[PDB]
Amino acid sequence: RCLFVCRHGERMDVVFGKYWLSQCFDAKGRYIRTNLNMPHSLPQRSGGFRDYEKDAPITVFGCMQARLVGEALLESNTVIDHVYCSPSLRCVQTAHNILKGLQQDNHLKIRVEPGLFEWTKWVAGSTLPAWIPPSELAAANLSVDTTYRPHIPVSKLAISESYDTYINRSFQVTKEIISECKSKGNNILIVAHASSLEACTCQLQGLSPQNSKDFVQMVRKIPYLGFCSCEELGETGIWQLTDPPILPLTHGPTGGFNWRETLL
């Protein structure tokens, strides 16, 4: 058995910065694109476009990173039996695009699991992001399973959770995911956050978690689509990180360019 865990694809807010909404939305709250790295459309949200502030979408390059990983999985003859993701839109969109690369977007249905959301300390303010519910994600042509019953529903998450609580819930939900998939297909894919690669696998392997300082230092080193594999040996039943069946993916930036500022 393998549990694959990866980070979401490039997120719009990092590329376009503090006022990114002004580069993506007009005075009427309607989506506009101002750069070729912006998609042709974005879903409508209950609270309007400002719901994107705490829950940004992926970019065109994020979609491509995701598709390339799915294509690499297909090329390696790695069959994915179940796919789970964090409720963050960037995670759902990444999972969908991995499925497209895998040629499984019209077959597998993504299980949206709020227990996979990252440490809530990293959310701005006093409330969680207003996640798009699975019904609406499905309506937005993201291949989500609207019948999936999550292990940790949204209202079981606390905005004030400790590091200990985050790591422990990551372990809990990952065990529950493994248990409900056991003997129903040997490979499980989690599409989530930088912090998920270790949070979901540390205690699974019998290991002691790092302190939160060392943890955060590590989290900052996980790139978009950063991918790991935790395999269950079967001679012992012990889970261990092992080489993924796909190669890493590394690329550089294409920085902002204002031809007027530079060529005049």
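For every residue, the number given is its place in the sequence shown, counted from 1.
- Stretches 155-163 and 78-86 differ in mean C-alpha B factor, with the higher average recorded for 155-163.
- Of the two stretches examined, 217-225 and 38-46, the record assigns the greater average C-alpha temperature factor to 38-46.
- When the C-alpha B-factors of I190, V173, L142, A72 are ranked from the entry, the top spot goes to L142.
- When the Cα B-factors of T236, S195, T59, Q65 are read from the PDB record, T236 comes out highest.
- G255: CA B factor in the middle third of modelled residues in this chain (values from the PDB entry).
- Ranked by Cα temperature factor within the chain, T147 sits in the highest third according to the deposited record.
- Among all modelled residues in this chain, the alpha-carbon of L116 has a temperature factor (C-alpha) in the lowest third.
- In this PDB entry, the Cα temperature factor of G17 sits in the top third of its chain's modelled residues, the highest group.
- Per the deposited record, the Cα B-factor of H96 falls in the lowest third when ranked against the other modelled residues of its chain.
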